[PDB]
Protein chains: 2
Amino acid sequence: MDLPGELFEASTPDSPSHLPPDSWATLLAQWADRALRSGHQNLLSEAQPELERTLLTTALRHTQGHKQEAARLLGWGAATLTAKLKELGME
Amino acid sequence: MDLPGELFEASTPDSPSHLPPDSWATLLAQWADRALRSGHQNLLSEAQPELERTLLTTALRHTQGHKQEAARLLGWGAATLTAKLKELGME
């Protein structure tokens, strides 16, 4: 018998998230190499939007909702912030 | 007295390099934020060339010296591989 019950269900609360040291570059150096020895294709096209999304969302956080303010935040403008959004989706 | 001598000099050999888990994204999320609360400016312009240099050099390694082959390696061409080289230096 045990005091605590055998709780076995995934609920919303009681679920902390862990943030380990993500070795992105280490994953990109080994990934780009593993794909090169098999069938590489969208190499830079995959991490390209990854770096843009991270920063874009971060700076935007300073102005959540104000996607325009994010422009001056990254030395960009309103055409780049918008054109760069489809550039990764088009290229 | 000790068998080994007190070797205290930096030489070429006898110098192994360590490669810990670099948390780039973690450094970019905290850096972009720390700079935003002070004087942000070249936010994306700093990590932009960092992601391009890493992949560019990696794929090029498959064709060391053949900077041209790196083109098809990243679904790029000869104009992009060259134009993208100055794009980060110009923007």
# chains A, B, ... in the order shown; residues from 1 in each chain; ligands from 1
>>> residues_around(residues="segment 27-38 of chain B", least_positions_apart="5", cutoff="9 Å", atoms="only C-alpha atoms", output="count of residues only")
10
>>> calpha_fit_and_write(fixed="chain B", moving="chain A", output="PDB file with C-alpha atoms, in the first residue's frame")
ATOM      1  CA  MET A   1      59.873  16.726  -4.945  1.00  0.00           C
ATOM      2  CA  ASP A   2      57.758  15.348  -7.815  1.00  0.00           C
ATOM      3  CA  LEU A   3      58.486  12.983 -10.731  1.00  0.00           C
ATOM      4  CA  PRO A   4      56.827  15.223 -13.338  1.00  0.00           C
ATOM      5  CA  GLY A   5      58.228  18.755 -13.753  1.00  0.00           C
ATOM      6  CA  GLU A   6      56.072  21.892 -13.385  1.00  0.00           C
ATOM      7  CA  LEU A   7      55.600  22.360 -17.152  1.00  0.00           C
ATOM      8  CA  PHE A   8      54.134  25.879 -17.459  1.00  0.00           C
ATOM      9  CA  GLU A   9      54.243  26.912 -21.139  1.00  0.00           C
ATOM     10  CA  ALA A  10      51.680  26.973 -23.977  1.00  0.00           C
ATOM     11  CA  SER A  11      53.056  24.854 -26.847  1.00  0.00           C
ATOM     12  CA  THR A  12      51.474  23.647 -30.115  1.00  0.00           C
ATOM     13  CA  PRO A  13      51.117  19.973 -29.142  1.00  0.00           C
ATOM     14  CA  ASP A  14      49.799  18.805 -25.745  1.00  0.00           C
ATOM     15  CA  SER A  15      46.713  21.009 -26.237  1.00  0.00           C
ATOM     16  CA  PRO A  16      43.445  19.121 -26.794  1.00  0.00           C
ATOM     17  CA  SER A  17      40.303  21.132 -27.629  1.00  0.00           C
ATOM     18  CA  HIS A  18      36.961  20.601 -25.849  1.00  0.00           C
ATOM     19  CA  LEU A  19      33.605  20.850 -27.667  1.00  0.00           C
ATOM     20  CA  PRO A  20      30.815  21.404 -25.127  1.00  0.00           C
ATOM     21  CA  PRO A  21      27.133  21.724 -26.074  1.00  0.00           C
ATOM     22  CA  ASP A  22      26.932  25.260 -27.513  1.00  0.00           C
ATOM     23  CA  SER A  23      23.444  26.635 -26.756  1.00  0.00           C
ATOM     24  CA  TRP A  24      23.409  29.084 -29.701  1.00  0.00           C
ATOM     25  CA  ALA A  25      19.612  29.614 -29.768  1.00  0.00           C
ATOM     26  CA  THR A  26      19.683  29.991 -25.965  1.00  0.00           C
ATOM     27  CA  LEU A  27      22.383  32.650 -26.411  1.00  0.00           C
ATOM     28  CA  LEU A  28      20.382  34.311 -29.208  1.00  0.00           C
ATOM     29  CA  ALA A  29      17.145  34.404 -27.178  1.00  0.00           C
ATOM     30  CA  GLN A  30      18.915  35.963 -24.171  1.00  0.00           C
ATOM     31  CA  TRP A  31      21.231  38.152 -26.282  1.00  0.00           C
ATOM     32  CA  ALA A  32      18.479  39.635 -28.487  1.00  0.00           C
ATOM     33  CA  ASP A  33      16.580  40.352 -25.251  1.00  0.00           C
ATOM     34  CA  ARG A  34      19.547  41.812 -23.332  1.00  0.00           C
ATOM     35  CA  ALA A  35      20.354  44.069 -26.304  1.00  0.00           C
ATOM     36  CA  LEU A  36      16.688  45.092 -26.655  1.00  0.00           C
ATOM     37  CA  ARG A  37      16.702  46.408 -23.067  1.00  0.00           C
ATOM     38  CA  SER A  38      19.867  48.435 -23.827  1.00  0.00           C
ATOM     39  CA  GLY A  39      20.664  49.430 -27.431  1.00  0.00           C
ATOM     40  CA  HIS A  40      19.755  46.773 -30.020  1.00  0.00           C
ATOM     41  CA  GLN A  41      20.821  47.389 -33.638  1.00  0.00           C
ATOM     42  CA  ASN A  42      22.353  44.593 -35.756  1.00  0.00           C
ATOM     43  CA  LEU A  43      20.206  41.855 -34.167  1.00  0.00           C
ATOM     44  CA  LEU A  44      19.409  39.544 -37.115  1.00  0.00           C
ATOM     45  CA  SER A  45      22.335  41.054 -39.063  1.00  0.00           C
ATOM     46  CA  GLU A  46      24.679  39.350 -36.560  1.00  0.00           C
ATOM     47  CA  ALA A  47      23.310  35.778 -36.485  1.00  0.00           C
ATOM     48  CA  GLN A  48      22.299  35.937 -40.175  1.00  0.00           C
ATOM     49  CA  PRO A  49      25.877  35.541 -41.457  1.00  0.00           C
ATOM     50  CA  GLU A  50      26.615  33.128 -38.590  1.00  0.00           C
ATOM     51  CA  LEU A  51      24.125  30.561 -39.930  1.00  0.00           C
ATOM     52  CA  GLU A  52      25.271  31.130 -43.531  1.00  0.00           C
ATOM     53  CA  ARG A  53      28.998  30.809 -42.721  1.00  0.00           C
ATOM     54  CA  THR A  54      28.520  27.564 -40.746  1.00  0.00           C
ATOM     55  CA  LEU A  55      26.507  25.774 -43.465  1.00  0.00           C
ATOM     56  CA  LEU A  56      28.503  27.329 -46.342  1.00  0.00           C
ATOM     57  CA  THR A  57      31.787  26.100 -44.818  1.00  0.00           C
ATOM     58  CA  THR A  58      30.274  22.701 -43.933  1.00  0.00           C
ATOM     59  CA  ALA A  59      28.888  21.930 -47.415  1.00  0.00           C
ATOM     60  CA  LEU A  60      32.071  23.397 -48.931  1.00  0.00           C
ATOM     61  CA  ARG A  61      34.036  20.890 -46.817  1.00  0.00           C
ATOM     62  CA  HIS A  62      32.437  18.176 -48.967  1.00  0.00           C
ATOM     63  CA  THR A  63      34.107  20.023 -51.867  1.00  0.00           C
ATOM     64  CA  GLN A  64      36.994  21.846 -50.111  1.00  0.00           C
ATOM     65  CA  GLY A  65      38.264  24.516 -52.535  1.00  0.00           C
ATOM     66  CA  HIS A  66      35.377  23.918 -54.964  1.00  0.00           C
ATOM     67  CA  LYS A  67      33.275  26.855 -53.706  1.00  0.00           C
ATOM     68  CA  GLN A  68      31.204  26.283 -56.870  1.00  0.00           C
ATOM     69  CA  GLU A  69      30.102  22.733 -55.976  1.00  0.00           C
ATOM     70  CA  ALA A  70      28.762  24.148 -52.687  1.00  0.00           C
ATOM     71  CA  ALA A  71      26.117  25.803 -54.891  1.00  0.00           C
ATOM     72  CA  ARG A  72      24.182  22.648 -55.855  1.00  0.00           C
ATOM     73  CA  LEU A  73      24.955  21.357 -52.342  1.00  0.00           C
ATOM     74  CA  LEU A  74      22.667  24.063 -50.899  1.00  0.00           C
ATOM     75  CA  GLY A  75      20.190  24.193 -53.809  1.00  0.00           C
ATOM     76  CA  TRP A  76      21.936  27.472 -54.709  1.00  0.00           C
ATOM     77  CA  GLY A  77      23.743  28.637 -57.867  1.00  0.00           C
ATOM     78  CA  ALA A  78      26.933  30.571 -58.703  1.00  0.00           C
ATOM     79  CA  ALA A  79      25.287  34.011 -58.474  1.00  0.00           C
ATOM     80  CA  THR A  80      23.637  33.364 -55.089  1.00  0.00           C
ATOM     81  CA  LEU A  81      26.736  31.753 -53.523  1.00  0.00           C
ATOM     82  CA  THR A  82      28.621  34.905 -54.584  1.00  0.00           C
ATOM     83  CA  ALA A  83      25.845  37.489 -54.107  1.00  0.00           C
ATOM     84  CA  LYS A  84      24.957  35.989 -50.704  1.00  0.00           C
ATOM     85  CA  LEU A  85      28.624  36.418 -49.712  1.00  0.00           C
ATOM     86  CA  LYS A  86      28.442  40.230 -49.962  1.00  0.00           C
ATOM     87  CA  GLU A  87      24.759  40.463 -48.956  1.00  0.00           C
ATOM     88  CA  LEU A  88      25.623  39.848 -45.282  1.00  0.00           C
ATOM     89  CA  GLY A  89      28.650  42.167 -45.555  1.00  0.00           C
ATOM     90  CA  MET A  90      26.502  44.836 -47.252  1.00  0.00           C
ATOM     91  CA  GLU A  91      23.367  44.365 -45.115  1.00  0.00           C
TER      92      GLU A  91
END
>>> select_by_dssp(residues="chain B", states="alpha helix (DSSP H)", output="ChimeraX atom specification")
/B:24-36,43-62,69-73,78-90
